[PDB]
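This structure is in structure tokens; I'll ask about it shortly.
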Amino acid sequence: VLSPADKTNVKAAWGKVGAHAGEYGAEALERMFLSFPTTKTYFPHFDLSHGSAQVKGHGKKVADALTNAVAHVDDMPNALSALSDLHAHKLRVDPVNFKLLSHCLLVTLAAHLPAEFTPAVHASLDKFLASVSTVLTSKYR
Amino acid sequence: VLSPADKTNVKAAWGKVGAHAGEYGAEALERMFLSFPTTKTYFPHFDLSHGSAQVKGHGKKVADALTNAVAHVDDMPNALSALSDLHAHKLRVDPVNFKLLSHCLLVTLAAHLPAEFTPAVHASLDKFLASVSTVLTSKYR
Amino acid sequence: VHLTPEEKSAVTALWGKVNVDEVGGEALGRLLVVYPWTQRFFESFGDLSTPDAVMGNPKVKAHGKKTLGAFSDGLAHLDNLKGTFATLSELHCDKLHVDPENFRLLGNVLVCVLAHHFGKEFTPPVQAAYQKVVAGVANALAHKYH
Amino acid sequence: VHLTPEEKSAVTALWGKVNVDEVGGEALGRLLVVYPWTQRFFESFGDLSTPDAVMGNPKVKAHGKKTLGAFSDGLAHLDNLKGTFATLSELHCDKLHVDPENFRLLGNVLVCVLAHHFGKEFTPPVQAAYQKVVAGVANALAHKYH
Ligand code: HEM
Ligand code: HEM
Ligand code: HEM
Ligand code: HEM
């Protein structure tokens, strides 16, 4: 469960991301495909090279979805509804993969926010990213 | 989330367990300790030899708690309340281990309920142990 | 994998009793019903709408026997799993795009099926032996991923 | 672990800039804050009640230093992680009762701290190399469990 101190930490950190959200989104993905080669099996149609526009474009979608998640932190299941139907009925990405993106997202944040990536903010972001993951896979079965 | 069909499926299979729940709980644990040896790190203070009183007792404790969860399946959080606190503040078992016990409880059940362990009951059982595990872990952080 | 002499004997003695086609179809079937996301690869198989649909799907049954056949032949090479599955590992990665996580799921489903089929003869130590075998195969099948 | 010439040089060059004293105290402090259940192994350290408490705790600091220093010796023997950590492996299992899963969590927190400390110097390809290192270190530590 996300506490009020959690919700504050997240809003504050995601506030700094700002207009770089799209850019952080893409680096996180790149971090994922390089560190966890198995995740690439879901993008056989993309050019996965560094500087890829396809990666860039998807990085932007992801990041915007989370900006959406942050805006609706107390009503996440409704905000992410269409996204949770999509991955459960069409994409069908194995649940283990949400942990791998979540960690790459975290490392991307750490590398860009030297002053804001406190031990406590680190803990609320990891909690927040597990709740997004839980919502997105809630309809798998 | 568990559908209505799921709840019917779980109540039906657990019915058959009936009186053996306690012996089933012991066999599942012994299967866990043997297939997954790292789970033994949480029972250094137990005599883990086959047929030990400590295992059989614990086995019975675990089954009672499942039966309770089966009886109050429309309100698990509230029913397992005391159990979440204990595991969250005291025991502090890493969440990965709930998956391995869940698996050995499923193997136990397959082995003892030939007639009832259909494809559809197996799915409901697996969703059911995943919810129990989620409940048991919900106060970790 | 590392199995003692006694672990291999257990494994081979039980397997001797297996109807491959029969268990092949059942395990693949259960995977598809218990972990529906695994259905993504099987769109050309046809009707997968219900548990009965899946379990009665000839496409599923035939996939299941080909799958478990390959497993079955790997049992003869417990000392060299990687060597035996290296080509299959490459196919899975480069052409089929299968997340290795699927391999861990089938392994578990497989162990549930032997338990269902063997009842009490599937003892705790026999499980354990088989748990290594399954982990072994999944690791071997994931080793050429890149 | 298997590392390309580029990966070995990546790992090695960054490690050279690290002060084990402080990266260690940080990684451990963060493990205890982000995954509070790991605090079960450190009841004797005292007050781990608030993020500020854990971080300023001197026992956490000394310990983190001890851990990372051992970690450092492994970089030097990246070719035989198993043989290098065998003693500590037995210790963590037999005497300490540490679920090996904890090794994985620590590995992940350490990557986070490297990113945070170094920023844009810690690029994707550098990350990936360091992901291989930590995973191999974790497997090396869990090796003698039984
Ligand atoms: C925080 C976690 C995630 C979020 C918020 C997220 C969100 C999204 C969004 C917003 C879309 C585009 C939907 C549309 O507008 O058409 C999408 C598509 C997609 N997602 Fe997810 N996703 C997440 C995790 C993942 C992971 C871990 C994987 C695989 C490893 C994955 C695989 C994909 C794929 C393959 C597509 C479709 C790509 C295409 O064909 O353009 N997602 N995701
Ligand atoms: C299906 C999930 C689980 C259930 C229903 C469950 C239930 C219980 C119950 C009823 C007790 C005893 C409570 C009491 O005496 O007040 C207990 C204690 C305990 N559980 Fe859990 N548990 C589960 C999962 C786990 C797992 C996965 C592990 C470790 C791998 C674990 C480790 C323990 C430990 C170490 C104790 C205390 C043992 C003792 O000193 O008696 N539990 N659990
Ligand atoms: C023990 C584990 C497995 C083994 C030994 C195995 C083996 C095989 C073999 C022998 C084939 C045919 C290869 C050829 O064309 O020469 C194959 C193809 C295939 N496998 Fe796997 N497999 C395993 C697990 C899985 C899993 C879990 C999935 C997906 C959920 C999967 C999906 C596929 C598909 C989609 C094909 C292609 C079928 C076709 O083109 O008709 N496999 N597998
Ligand atoms: C993955 C890297 C790790 C390495 C290289 C490492 C190494 C060490 C070393 C060198 C010692 C000191 C033994 C001595 O000074 O005699 C030690 C002790 C210890 N380690 Fe680990 N460790 C690691 C991770 C962990 C983790 C993740 C945990 C638990 C969360 C842990 C729990 C302990 C405990 C409880 C002690 C004993 C401290 C005391 O006496 O109070 N270690 N470890």
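Residue numbers in this text run from 1 along the chain shown.
Quick reminder: no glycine exception, Cβ is built from N, Cα and C everywhere.
If you look up Swiss-Prot, you'll see C:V1, C:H2, C:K82, C:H143 marked as (2R)-2,3-bisphosphoglycerate binding site. The heme b binding site annotation in Swiss-Prot covers C:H63, C:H92. Taken from Swiss-Prot, the feature glycation site applies to C:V1, C:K8, C:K17, C:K66, C:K120, C:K144, supported by experimental evidence. Summarising the annotation, Swiss-Prot assigns N-pyruvate 2-iminyl-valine to C:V1. What Swiss-Prot records for C:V1 is N-acetylvaline. Per Swiss-Prot, the feature phosphoserine maps to C:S9, C:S44. According to Swiss-Prot, the phosphothreonine annotation covers C:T12, C:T50, C:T87. For C:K59, C:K82, C:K144, the entry in Swiss-Prot reads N6-acetyllysine. As annotated by Swiss-Prot, S-nitrosocysteine applies to C:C93, with the evidence given as experimental evidence. The feature site 'Not glycated' is assigned by Swiss-Prot to C:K59, C:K82, C:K95.
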Among the recorded positions listed here (C:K8, C:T50, C:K59, C:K120), which has the Cα closest to the Cα of C:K82 ((2R)-2,3-bisphosphoglycerate binding site)?
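In terms of Cα distance, C:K82 ((2R)-2,3-bisphosphoglycerate binding site) lies closest to C:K8.
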For the modified residues C:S9, C:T12, C:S44, C:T50, work out the Cβ neighbour count at 10 Å and name the residue with the minimum.
C:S44
Quick check: in three-state DSSP terms, what is C:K95 (site 'Not glycated')?
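Assignment for C:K95 (site 'Not glycated') reads helix.
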Per the record, (2R)-2,3-bisphosphoglycerate is bound by C:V1, C:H2, C:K82, C:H143: how many Å separate the farthest pair of Cα atoms?
17
Can you name the recorded positions among C:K17, C:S44, C:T50, C:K82, C:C93, C:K120 whose Cβ is less than 8 Å from some Cβ in chain A?
C:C93
Any idea what the Cα distance is from C:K120 (glycation site) over to the residue listed as 'S-nitrosocysteine', rounded to a whole Å?
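So the Cα of the residue listed as 'S-nitrosocysteine' lies 38 Å away from that of C:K120 (glycation site).
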Measuring Cα to Cα, how far is C:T12 (phosphothreonine) from C:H63 (heme b binding site) in Å?
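Distance between the two Cα atoms comes out at 23 Å.
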How big is the gap, in Å, between the Cα of C:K66 (glycation site) and that of C:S9 (phosphoserine), rounded to a whole number?
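One finds 24 Å between the Cα atoms of these residues.
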Among the recorded positions C:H63, C:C93, C:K120, C:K144, state which ones have a Cβ less than 8 Å from a Cβ of chain B, giving them in sequence order; state 'none' otherwise.
C:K120
